[PDB]
Amino acid sequence: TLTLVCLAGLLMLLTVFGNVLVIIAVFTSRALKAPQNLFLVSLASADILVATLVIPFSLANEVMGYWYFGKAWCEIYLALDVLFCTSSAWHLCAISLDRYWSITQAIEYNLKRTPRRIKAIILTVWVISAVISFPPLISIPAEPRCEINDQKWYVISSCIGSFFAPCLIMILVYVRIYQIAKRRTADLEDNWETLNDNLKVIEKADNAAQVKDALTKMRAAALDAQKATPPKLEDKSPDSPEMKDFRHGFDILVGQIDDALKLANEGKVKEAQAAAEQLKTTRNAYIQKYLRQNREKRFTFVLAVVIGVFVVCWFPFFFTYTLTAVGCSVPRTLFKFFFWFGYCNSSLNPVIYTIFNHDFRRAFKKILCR
Ligand SMILES: CC(C)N1c2cccc(F)c2C[C@H]1c1cnc[nH]1
């Protein structure tokens, strides 16, 4: 009934509450690099702009509302509701492009990733997003009963121009990103699995020979693993004590395999598997902390999760809105749900942001207390 008028504005403030916290979190932090911050703050600035200037009207217009103090309100209301979503999609596209270029072009791109360069990128997103939003000689006096003239021709070019094409690209480059990351870690993950497999085989073994062969197996696996670069220690020197801690760790391990190999040949089947558990624990304490993903890999994956919500929130709306050109299915029950679903995308960006990024939780708890 009337309980819902406050809920939407309540969730509308959740964008201000959520995104402004991010706006100032990255605003001035020695940990936050300026290249990435610029993009996450203009994205959070579009969300904080649409939650205030466009969000509330959609609720009243949805129940007991019409354009007041002129249709000019219905002019800008349409124009910003496309602008933010065309710019938000295109921003996610550019971060998608930034993440790809950084992972591949390496030193050269870092030289060109000047904060001024990426500042220029954002303004251009606003520029080109304003072109897709501005209609040529076509308007989106008395009350007009605010909706969008569903010109089948224009609508789809804009429907694609706002959501489809930018989302398509950002999906298309991130699938290349995933394949690259999977290729790097592949061989090492072979080894780590082979270690774990032979370990369980050791604990799940009944005779000494089975253990001895399992042990000899992992011995090569560890040596093969010893020559990889673990994910955290990517682009670090072998002068870095972390990269050396990795190596010493597999020396220490190999030795323990050999010592456990002496027990299996001595005929002490039980002592062997016992000592094999000691191998496992040692491996975890030495190695596990380096299998964790690098600092740049976290940012790329976390924005992979963000594209997951831009697709999940907006695709139902745009796909049902695109189908209206052929008018196949029920809009009455679905339009309302999908119009909100796409809209909550702006409030839920800092939600996934702190839910996954380790720097986010601390930046959220330290922004408030100061
Ligand atoms: C105004 C409606 C039709 N919308 C629109 C129009 C053009 C581009 C575009 F990306 C969007 C999103 C969608 C919408 C805005 N607010 C909630 N849903």
# chains A, B, ... in the order shown; residues from 1 in each chain; ligands from 1

$ closest_atom_pairs --of "chain A" --to "ligand 1" --cutoff "9 Å" --atoms "only C-alpha atoms and all ligand atoms" --output "CSV"
residue,atom,partner,partner_atom_place_in_ligand_line,distance
A:50,CA,ligand 1,16 (N),8.7
A:54,CA,ligand 1,16 (N),7.9
A:55,CA,ligand 1,16 (N),7.7
A:58,CA,ligand 1,16 (N),7.9
A:77,CA,ligand 1,1 (C),8.1
A:78,CA,ligand 1,1 (C),5.6
A:79,CA,ligand 1,1 (C),8.0
A:80,CA,ligand 1,15 (C),8.3
A:81,CA,ligand 1,15 (C),4.5
A:82,CA,ligand 1,8 (C),3.7
A:83,CA,ligand 1,8 (C),6.9
A:84,CA,ligand 1,10 (F),7.3
A:85,CA,ligand 1,10 (F),4.2
A:86,CA,ligand 1,10 (F),5.2
A:87,CA,ligand 1,10 (F),8.6
A:88,CA,ligand 1,10 (F),8.6
A:89,CA,ligand 1,10 (F),8.1
A:132,CA,ligand 1,8 (C),8.8
A:133,CA,ligand 1,7 (C),7.4
A:147,CA,ligand 1,1 (C),7.8
A:148,CA,ligand 1,3 (C),6.6
A:155,CA,ligand 1,7 (C),8.0
A:158,CA,ligand 1,8 (C),6.3
A:159,CA,ligand 1,8 (C),5.8
A:160,CA,ligand 1,8 (C),8.5
A:161,CA,ligand 1,8 (C),7.7
A:162,CA,ligand 1,10 (F),4.7
A:163,CA,ligand 1,10 (F),5.6
A:314,CA,ligand 1,12 (C),7.5
A:317,CA,ligand 1,18 (N),7.2
A:318,CA,ligand 1,12 (C),7.3
A:321,CA,ligand 1,3 (C),7.7
A:338,CA,ligand 1,18 (N),7.6
A:339,CA,ligand 1,18 (N),4.7
A:340,CA,ligand 1,17 (C),6.3
A:341,CA,ligand 1,17 (C),7.9
A:342,CA,ligand 1,18 (N),5.6
A:343,CA,ligand 1,17 (C),4.8
A:344,CA,ligand 1,17 (C),8.6

$ residues_around --residues "range 208-217 of chain A" --least-positions-apart "5" --cutoff "7 Å" --atoms "only C-alpha atoms" --output "CSV table (one decimal) with N, CA, C and O atoms, in the first residue's frame"
chain,number,residue,atom,x,y,z
A,198,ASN,N,48.5,-37.0,-4.2
A,198,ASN,CA,49.3,-38.0,-3.6
A,198,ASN,C,49.3,-38.0,-2.1
A,198,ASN,O,49.5,-39.0,-1.4
A,201,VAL,N,46.3,-39.9,-1.2
A,201,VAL,CA,46.7,-41.3,-1.5
A,201,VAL,C,47.5,-41.9,-0.4
A,201,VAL,O,47.4,-43.0,-0.1
A,202,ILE,N,48.4,-41.0,0.2
A,202,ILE,CA,49.2,-41.5,1.3
A,202,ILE,C,48.4,-41.8,2.5
A,202,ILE,O,48.5,-42.9,3.1
A,257,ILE,N,60.1,-34.7,2.3
A,257,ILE,CA,59.7,-35.9,1.5
A,257,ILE,C,60.8,-37.0,1.6
A,257,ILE,O,60.5,-38.1,1.8
A,261,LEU,N,60.7,-40.5,2.9
A,261,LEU,CA,61.0,-41.6,2.0
A,261,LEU,C,61.9,-42.7,2.7
A,261,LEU,O,61.8,-43.8,2.3
A,264,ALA,N,59.5,-45.1,4.6
A,264,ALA,CA,58.8,-46.0,3.9
A,264,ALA,C,59.7,-47.2,3.4
A,264,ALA,O,59.2,-48.3,3.3
A,267,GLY,N,60.4,-49.8,6.1
A,267,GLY,CA,59.3,-50.7,6.4
A,267,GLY,C,58.4,-50.1,7.4
A,267,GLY,O,57.3,-50.8,7.7
A,269,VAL,N,55.7,-48.4,7.8
A,269,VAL,CA,54.5,-47.9,7.0
A,269,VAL,C,53.8,-46.8,7.8
A,269,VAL,O,53.4,-45.8,7.2

$ atom_distance --atom1 "CA of residue 153 in chain A" --atom2 "CA of residue 131 in chain A"
16.9 Å

$ atom_distance --atom1 "CA of residue 99 in chain A" --atom2 "CA of residue 359 in chain A"
18.4 Å

$ atom_distance --atom1 "CA of residue 73 in chain A" --atom2 "CA of residue 130 in chain A"
17.8 Å

$ residues_around --residues "range 59-72 of chain A" --least-positions-apart "3" --cutoff "12 Å" --atoms "only C-alpha atoms" --output "JSON, numbers by chain"
{"A": [1, 2, 4, 5, 6, 7, 8, 9, 10, 11, 12, 51, 54, 55, 56, 75, 76, 77, 78, 79, 139, 140, 141, 142, 143, 144, 145, 146, 147, 335, 336, 337, 339, 340, 343]}

$ residues_around --residues "range 100-108 of chain A" --least-positions-apart "4" --cutoff "12 Å" --atoms "only C-alpha atoms" --output "number ranges by chain"
A: 35-36, 93-96, 112-114, 169-181, 184, 234-235, 294, 296-297, 299-301, 303-304

$ write_last_selection --atoms "N, CA and C atoms" --output "mmCIF file, in the first residue's frame"
data_model
loop_
_atom_site.group_PDB
_atom_site.id
_atom_site.type_symbol
_atom_site.label_atom_id
_atom_site.label_comp_id
_atom_site.auth_asym_id
_atom_site.auth_seq_id
_atom_site.Cartn_x
_atom_site.Cartn_y
_atom_site.Cartn_z
ATOM 1 N N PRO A 35 45.250 6.349 -10.827
ATOM 2 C CA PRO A 35 44.601 5.784 -12.029
ATOM 3 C C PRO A 35 43.293 5.051 -11.768
ATOM 4 N N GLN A 36 43.274 4.097 -10.836
ATOM 5 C CA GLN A 36 42.041 3.348 -10.608
ATOM 6 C C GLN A 36 41.005 4.196 -9.879
ATOM 7 N N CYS A 93 33.287 -0.281 -19.426
ATOM 8 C CA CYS A 93 34.003 -0.687 -20.630
ATOM 9 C C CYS A 93 35.452 -0.218 -20.584
ATOM 10 N N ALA A 94 35.675 1.019 -20.136
ATOM 11 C CA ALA A 94 37.024 1.577 -20.124
ATOM 12 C C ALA A 94 37.884 0.944 -19.039
ATOM 13 N N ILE A 95 37.302 0.672 -17.865
ATOM 14 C CA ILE A 95 38.040 -0.061 -16.834
ATOM 15 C C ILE A 95 38.341 -1.472 -17.319
ATOM 16 N N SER A 96 37.383 -2.081 -18.021
ATOM 17 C CA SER A 96 37.615 -3.342 -18.713
ATOM 18 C C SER A 96 38.784 -3.219 -19.679
ATOM 19 N N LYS A 112 52.407 5.236 -19.885
ATOM 20 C CA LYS A 112 51.347 6.041 -20.478
ATOM 21 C C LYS A 112 50.117 6.178 -19.588
ATOM 22 N N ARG A 113 49.998 5.368 -18.526
ATOM 23 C CA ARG A 113 48.876 5.476 -17.594
ATOM 24 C C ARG A 113 48.978 6.709 -16.703
ATOM 25 N N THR A 114 49.313 7.857 -17.287
ATOM 26 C CA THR A 114 49.406 9.090 -16.520
ATOM 27 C C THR A 114 48.026 9.440 -15.959
ATOM 28 N N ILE A 169 31.362 -5.446 -25.141
ATOM 29 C CA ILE A 169 32.814 -5.273 -25.159
ATOM 30 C C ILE A 169 33.408 -5.676 -23.817
ATOM 31 N N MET A 170 32.875 -5.108 -22.728
ATOM 32 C CA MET A 170 33.443 -5.358 -21.407
ATOM 33 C C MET A 170 33.363 -6.833 -21.030
ATOM 34 N N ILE A 171 32.355 -7.544 -21.529
ATOM 35 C CA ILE A 171 32.346 -8.992 -21.379
ATOM 36 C C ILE A 171 33.434 -9.614 -22.247
ATOM 37 N N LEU A 172 33.631 -9.079 -23.456
ATOM 38 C CA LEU A 172 34.497 -9.739 -24.428
ATOM 39 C C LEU A 172 35.965 -9.619 -24.052
ATOM 40 N N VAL A 173 36.340 -8.557 -23.344
ATOM 41 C CA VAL A 173 37.740 -8.422 -22.969
ATOM 42 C C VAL A 173 38.022 -9.173 -21.674
ATOM 43 N N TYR A 174 37.041 -9.244 -20.767
ATOM 44 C CA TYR A 174 37.259 -9.946 -19.505
ATOM 45 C C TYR A 174 37.338 -11.457 -19.696
ATOM 46 N N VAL A 175 36.681 -12.002 -20.725
ATOM 47 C CA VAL A 175 36.844 -13.427 -21.005
ATOM 48 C C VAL A 175 38.248 -13.707 -21.525
ATOM 49 N N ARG A 176 38.854 -12.739 -22.217
ATOM 50 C CA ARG A 176 40.262 -12.855 -22.575
ATOM 51 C C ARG A 176 41.146 -12.721 -21.343
ATOM 52 N N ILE A 177 40.742 -11.877 -20.391
ATOM 53 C CA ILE A 177 41.516 -11.707 -19.163
ATOM 54 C C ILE A 177 41.561 -13.015 -18.385
ATOM 55 N N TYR A 178 40.394 -13.642 -18.203
ATOM 56 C CA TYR A 178 40.304 -14.897 -17.463
ATOM 57 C C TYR A 178 41.183 -15.972 -18.084
ATOM 58 N N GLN A 179 41.203 -16.044 -19.416
ATOM 59 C CA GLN A 179 41.987 -17.074 -20.089
ATOM 60 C C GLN A 179 43.479 -16.861 -19.873
ATOM 61 N N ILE A 180 43.924 -15.604 -19.853
ATOM 62 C CA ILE A 180 45.334 -15.317 -19.605
ATOM 63 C C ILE A 180 45.716 -15.732 -18.190
ATOM 64 N N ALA A 181 44.925 -15.309 -17.200
ATOM 65 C CA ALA A 181 45.209 -15.671 -15.815
ATOM 66 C C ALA A 181 45.229 -17.185 -15.635
ATOM 67 N N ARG A 184 48.569 -18.704 -16.914
ATOM 68 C CA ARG A 184 49.750 -18.484 -16.083
ATOM 69 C C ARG A 184 49.812 -19.482 -14.935
ATOM 70 N N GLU A 234 54.202 -12.452 -8.276
ATOM 71 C CA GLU A 234 54.373 -12.047 -9.663
ATOM 72 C C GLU A 234 55.034 -10.671 -9.722
ATOM 73 N N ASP A 235 55.790 -10.432 -10.798
ATOM 74 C CA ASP A 235 56.593 -9.229 -11.016
ATOM 75 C C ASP A 235 57.325 -8.751 -9.766
ATOM 76 N N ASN A 294 47.549 -11.543 -6.447
ATOM 77 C CA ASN A 294 48.299 -10.299 -6.342
ATOM 78 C C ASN A 294 47.350 -9.120 -6.114
ATOM 79 N N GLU A 296 46.984 -6.361 -7.895
ATOM 80 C CA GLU A 296 46.279 -5.929 -9.098
ATOM 81 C C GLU A 296 45.256 -6.962 -9.550
ATOM 82 N N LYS A 297 45.524 -8.248 -9.311
ATOM 83 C CA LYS A 297 44.550 -9.273 -9.669
ATOM 84 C C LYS A 297 43.265 -9.128 -8.866
ATOM 85 N N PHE A 299 41.847 -6.282 -7.895
ATOM 86 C CA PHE A 299 41.060 -5.195 -8.464
ATOM 87 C C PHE A 299 40.350 -5.636 -9.739
ATOM 88 N N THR A 300 41.025 -6.429 -10.575
ATOM 89 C CA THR A 300 40.412 -6.890 -11.815
ATOM 90 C C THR A 300 39.275 -7.868 -11.539
ATOM 91 N N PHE A 301 39.490 -8.826 -10.632
ATOM 92 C CA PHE A 301 38.427 -9.766 -10.287
ATOM 93 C C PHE A 301 37.247 -9.056 -9.637
ATOM 94 N N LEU A 303 36.163 -6.095 -10.158
ATOM 95 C CA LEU A 303 35.395 -5.451 -11.213
ATOM 96 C C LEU A 303 34.766 -6.472 -12.151
ATOM 97 N N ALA A 304 35.314 -7.690 -12.203
ATOM 98 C CA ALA A 304 34.603 -8.787 -12.847
ATOM 99 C C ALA A 304 33.298 -9.079 -12.124
#

$ residues_around --residues "residue 34 in chain A" --least-positions-apart "3" --cutoff "12 Å" --atoms "only C-alpha atoms" --output "VMD selection string"
chain A and resid 26 to 31 37 to 41 113 to 119

$ residues_around --residues "residue 327 in chain A" --least-positions-apart "6" --cutoff "12 Å" --atoms "only C-alpha atoms" --output "list in words"
residues 150, 152, 319, 320 and 321 of chain A

$ write_last_selection --atoms "N, CA and C atoms" --output "mmCIF file, in the first residue's frame"
data_model
loop_
_atom_site.group_PDB
_atom_site.id
_atom_site.type_symbol
_atom_site.label_atom_id
_atom_site.label_comp_id
_atom_site.auth_asym_id
_atom_site.auth_seq_id
_atom_site.Cartn_x
_atom_site.Cartn_y
_atom_site.Cartn_z
ATOM 1 N N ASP A 150 8.440 5.077 -27.972
ATOM 2 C CA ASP A 150 9.148 3.841 -28.299
ATOM 3 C C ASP A 150 9.315 3.690 -29.811
ATOM 4 N N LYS A 152 10.591 2.392 -32.695
ATOM 5 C CA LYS A 152 11.251 1.099 -32.868
ATOM 6 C C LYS A 152 12.650 1.244 -33.452
ATOM 7 N N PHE A 319 16.661 -6.264 -22.246
ATOM 8 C CA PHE A 319 16.204 -7.327 -23.132
ATOM 9 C C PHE A 319 14.684 -7.341 -23.246
ATOM 10 N N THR A 320 13.972 -7.098 -22.141
ATOM 11 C CA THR A 320 12.516 -7.003 -22.229
ATOM 12 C C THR A 320 12.095 -5.715 -22.929
ATOM 13 N N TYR A 321 12.852 -4.636 -22.726
ATOM 14 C CA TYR A 321 12.550 -3.375 -23.387
ATOM 15 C C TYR A 321 12.848 -3.452 -24.878
#

$ closest_residue --among "A:255, A:295, A:193, A:247" --to "residue 231 in chain A" --atoms "only C-alpha atoms"
A:295

$ residues_around --residues "residue 192 in chain A" --least-positions-apart "4" --cutoff "12 Å" --atoms "only C-alpha atoms" --output "list in words"
residues 185, 186, 187, 188, 196, 197, 198, 199, 217, 218, 219, 220, 221, 222, 223, 224, 225, 226, 228, 230, 250, 280, 283, 284, 287, 288 and 291 of chain A

$ write_last_selection --atoms "N, CA and C atoms" --output "short mmCIF file (atom, residue, chain, number, x, y, z; two decimals), in the first residue's frame"
data_model
loop_
_atom_site.label_atom_id
_atom_site.label_comp_id
_atom_site.auth_asym_id
_atom_site.auth_seq_id
_atom_site.Cartn_x
_atom_site.Cartn_y
_atom_site.Cartn_z
N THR A 185 48.74 -19.56 -14.15
CA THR A 185 48.70 -20.41 -12.96
C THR A 185 48.58 -21.89 -13.27
N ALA A 186 48.34 -22.26 -14.53
CA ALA A 186 48.01 -23.63 -14.91
C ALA A 186 49.00 -24.66 -14.35
N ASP A 187 50.25 -24.62 -14.83
CA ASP A 187 51.24 -25.63 -14.49
C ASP A 187 51.44 -25.74 -12.98
N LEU A 188 51.55 -24.59 -12.30
CA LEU A 188 51.71 -24.62 -10.85
C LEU A 188 50.52 -25.32 -10.19
N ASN A 196 48.43 -32.58 -3.46
CA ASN A 196 47.27 -32.95 -2.66
C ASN A 196 46.76 -34.35 -2.98
N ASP A 197 46.71 -34.70 -4.27
CA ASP A 197 46.27 -36.04 -4.66
C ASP A 197 47.13 -37.12 -4.00
N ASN A 198 48.45 -37.04 -4.18
CA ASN A 198 49.35 -38.02 -3.59
C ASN A 198 49.29 -38.00 -2.07
N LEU A 199 49.00 -36.84 -1.49
CA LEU A 199 48.85 -36.74 -0.04
C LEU A 199 47.68 -37.59 0.45
N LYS A 217 56.44 -39.30 -6.26
CA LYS A 217 55.64 -38.48 -7.15
C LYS A 217 55.68 -37.01 -6.75
N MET A 218 55.25 -36.70 -5.51
CA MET A 218 55.23 -35.32 -5.05
C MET A 218 56.61 -34.68 -5.08
N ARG A 219 57.66 -35.49 -4.91
CA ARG A 219 59.02 -34.95 -4.89
C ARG A 219 59.32 -34.16 -6.16
N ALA A 220 58.98 -34.73 -7.32
CA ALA A 220 59.09 -34.00 -8.58
C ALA A 220 58.09 -32.85 -8.65
N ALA A 221 56.85 -33.10 -8.23
CA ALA A 221 55.83 -32.05 -8.20
C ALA A 221 56.31 -30.81 -7.45
N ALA A 222 56.91 -31.00 -6.27
CA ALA A 222 57.44 -29.87 -5.51
C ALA A 222 58.58 -29.18 -6.25
N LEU A 223 59.51 -29.96 -6.81
CA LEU A 223 60.59 -29.40 -7.62
C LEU A 223 60.05 -28.66 -8.84
N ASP A 224 59.07 -29.26 -9.53
CA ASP A 224 58.38 -28.54 -10.60
C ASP A 224 57.67 -27.30 -10.07
N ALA A 225 57.03 -27.41 -8.90
CA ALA A 225 56.41 -26.25 -8.27
C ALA A 225 57.44 -25.23 -7.82
N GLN A 226 58.65 -25.67 -7.45
CA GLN A 226 59.65 -24.75 -6.94
C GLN A 226 60.10 -23.73 -7.98
N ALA A 228 58.13 -22.29 -10.32
CA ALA A 228 57.08 -21.38 -10.73
C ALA A 228 57.16 -20.08 -9.93
N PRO A 230 54.71 -17.85 -7.75
CA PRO A 230 53.37 -17.91 -7.17
C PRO A 230 52.61 -16.63 -7.44
N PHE A 250 60.26 -24.80 -0.51
CA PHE A 250 60.22 -26.06 -1.23
C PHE A 250 61.49 -26.88 -1.05
N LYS A 280 52.56 -31.95 4.72
CA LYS A 280 51.42 -31.12 4.34
C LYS A 280 51.41 -29.80 5.10
N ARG A 283 54.12 -27.44 4.05
CA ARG A 283 53.81 -26.85 2.75
C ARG A 283 52.84 -25.69 2.89
N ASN A 284 51.76 -25.88 3.65
CA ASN A 284 50.75 -24.83 3.80
C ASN A 284 51.33 -23.58 4.44
N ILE A 287 53.89 -22.07 1.85
CA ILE A 287 53.49 -21.77 0.47
C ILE A 287 52.13 -21.08 0.40
N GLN A 288 51.14 -21.59 1.14
CA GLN A 288 49.75 -21.12 1.00
C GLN A 288 49.63 -19.60 0.93
N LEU A 291 50.08 -18.36 -2.62
CA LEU A 291 49.09 -18.70 -3.64
C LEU A 291 48.01 -17.64 -3.75
#

$ select_by_dssp --residues "range 25-154 of chain A" --states "helix (DSSP H, G or I)" --output "PyMOL selection string"
chain A and resi 25-27+34-53+55-62+72-105+107-112+115-133+152-154

$ closest_residue --among "A:236, A:271, A:282, A:354" --to "residue 252 in chain A" --atoms "only C-alpha atoms"
A:282

$ decode --residues "range 157-168 of chain A" --atoms "N, CA and C atoms" --output "mmCIF file, in the first residue's frame"
data_model
loop_
_atom_site.group_PDB
_atom_site.id
_atom_site.type_symbol
_atom_site.label_atom_id
_atom_site.label_comp_id
_atom_site.auth_asym_id
_atom_site.auth_seq_id
_atom_site.Cartn_x
_atom_site.Cartn_y
_atom_site.Cartn_z
ATOM 1 N N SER A 157 18.752 1.254 -31.444
ATOM 2 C CA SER A 157 20.095 1.813 -31.564
ATOM 3 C C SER A 157 20.554 2.403 -30.241
ATOM 4 N N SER A 158 19.644 3.057 -29.517
ATOM 5 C CA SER A 158 19.984 3.560 -28.192
ATOM 6 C C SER A 158 20.000 2.434 -27.163
ATOM 7 N N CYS A 159 19.025 1.521 -27.233
ATOM 8 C CA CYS A 159 19.036 0.346 -26.364
ATOM 9 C C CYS A 159 20.360 -0.403 -26.482
ATOM 10 N N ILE A 160 20.829 -0.610 -27.714
ATOM 11 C CA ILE A 160 22.178 -1.130 -27.912
ATOM 12 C C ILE A 160 23.215 -0.075 -27.539
ATOM 13 N N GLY A 161 22.974 1.182 -27.927
ATOM 14 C CA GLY A 161 23.972 2.222 -27.723
ATOM 15 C C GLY A 161 24.307 2.475 -26.268
ATOM 16 N N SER A 162 23.357 2.217 -25.370
ATOM 17 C CA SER A 162 23.561 2.404 -23.940
ATOM 18 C C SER A 162 24.078 1.134 -23.270
ATOM 19 N N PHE A 163 23.331 0.030 -23.374
ATOM 20 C CA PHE A 163 23.657 -1.195 -22.642
ATOM 21 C C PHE A 163 24.434 -2.203 -23.481
ATOM 22 N N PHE A 164 23.837 -2.685 -24.574
ATOM 23 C CA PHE A 164 24.316 -3.876 -25.273
ATOM 24 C C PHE A 164 25.777 -3.776 -25.699
ATOM 25 N N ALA A 165 26.076 -2.900 -26.660
ATOM 26 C CA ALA A 165 27.448 -2.745 -27.148
ATOM 27 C C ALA A 165 28.472 -2.534 -26.039
ATOM 28 N N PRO A 166 28.313 -1.574 -25.116
ATOM 29 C CA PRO A 166 29.336 -1.421 -24.068
ATOM 30 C C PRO A 166 29.464 -2.646 -23.182
ATOM 31 N N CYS A 167 28.339 -3.256 -22.794
ATOM 32 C CA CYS A 167 28.399 -4.482 -22.006
ATOM 33 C C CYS A 167 29.011 -5.624 -22.804
ATOM 34 N N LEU A 168 28.717 -5.698 -24.103
ATOM 35 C CA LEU A 168 29.303 -6.742 -24.936
ATOM 36 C C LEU A 168 30.824 -6.651 -24.931
#
